[PDB]
């Protein structure tokens, strides 16, 4: 299943290098989320990251950057609830209940589902799995890590979204490098691309 990574809410030096390094290791999709931030900073980061990885990035802010930097698409959210006037491209959003995903997933390229790890139940999750409600178009989000990654693909999720379990592996000015982040990503990607689980 796909392994989606969400950026950190704030901008930090070396972020562009780390992101590029993650793409180089096969990062499927990158969700650019920088709440309440001057567009300027988003452009700076996007400029540093190799053009060829632009169609693998979805932005939660300043939707105009979508066509400006040839991004993949946009993710509607509380602060940015609607696509631009005559937008044409990949659109996605978050849902927070089995019902929401049910009456909305077909209106998006894919949707997020959270909090998987708390408001749902492993059992109702399985019931929603057989009902085909959850499929390759729904991405699991919320409290995902190396300990429960396999449990998610077991649910039939078309992907897993991570943020903290990944970026928390790096502390600026305290670490001499970001190896731990890249090494930990490869580990998660190996579990995600690890078919056998039956």
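Numbering follows the first chain given and starts at 1.
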item	value
Residues of the deposited sequence left unbuilt between residue 118 and residue 117	4 to 9
Higher-B stretch (mean Cα B-factor, as the entry records it), 130-138 or 154-162	130-138
Average Cα temperature factor in the PDB entry - higher stretch of 92-100, 68-76	92-100
Maximum C-alpha temperature factor, selected from 37, 59, 168, 47	37
Among 178, 185, 23, 12 - the residue whose C-alpha B-factor is largest in the record	12
Third of the chain's Cα B-factor distribution that residue 144 belongs to, per the entry	highest
Residue 51 - which third its CA temperature factor falls in, relative to the rest of the chain	highest
